[PDB]
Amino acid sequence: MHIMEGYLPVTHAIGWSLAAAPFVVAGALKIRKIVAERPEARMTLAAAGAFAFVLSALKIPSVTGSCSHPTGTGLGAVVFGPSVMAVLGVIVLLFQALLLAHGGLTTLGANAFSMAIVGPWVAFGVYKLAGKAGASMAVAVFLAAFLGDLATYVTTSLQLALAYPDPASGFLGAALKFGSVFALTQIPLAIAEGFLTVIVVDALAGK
């Protein structure tokens, strides 16, 4: 999933932190706006982030023969639409680093960019496009979670490629390399996550 700690050199690490910062500051500012208007949004924002974290820690069987934890990219994006996500994404990532060993602090930045930012941005575009093109709620949500996921895995695989261009083939070469090897685990993940988040939105509407 995430790029582990110190897997990325300082120049790329800072670079991604700079590239994520404008979006992160955007969402930070929206939050401070709603919090002044509605002080209790402290609580409800903290609930939304803690929810995002605990589900990312739950147990999901894959399509393939692995075992995985959902990556609530699509869900958060469809339930807590995206600016806010860029901000709680940073928070969820931090705790995944400090609580589960999953993240990375120097790579938080690289990770912030893809899962938080990019992950939500594709999921949300895809949510609204499918809907307006006639997709039912269940199918829209499935394309949101599946393509959102797929996108973080593409972003991650490029960032690695940018960092480790292969000697023979160039960035293109490493992109194909990181991409094909992480496909073994992630596309079954992206599909199962798709199945998963559909059943949630369904249940949620029911409630």
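In this text, residue numbers run from 1 along the sequence as written.
- Between 134 to 142 and 54 to 62, it is 54 to 62 that carries the larger average Cα temperature factor according to the deposited entry.
- Remark: stretch with higher mean C-alpha B factor among 182 to 190 and 15 to 23 is 182 to 190.
- Per the PDB entry, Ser83 shows the highest C-alpha temperature factor of the residues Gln96, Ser83, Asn111, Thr106.
- Between the residues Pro167, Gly49, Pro39, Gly148, the entry's highest C-alpha temperature factor is the one at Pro167.
- In this PDB entry, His69 carries a Cα temperature factor that places it within the highest third of its chain's modelled residues.
- When the modelled residues of the chain are ordered by C-alpha B-factor, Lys33 sits in the middle third.
- In the PDB entry, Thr152 places in the lowest third of its chain by CA B-factor.
- Annotation for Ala203: CA B-factor lies in the middle third of the chain's modelled residues.
- In the deposited entry, the Cα temperature factor of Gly119 places it in the middle third of its chain's modelled residues.
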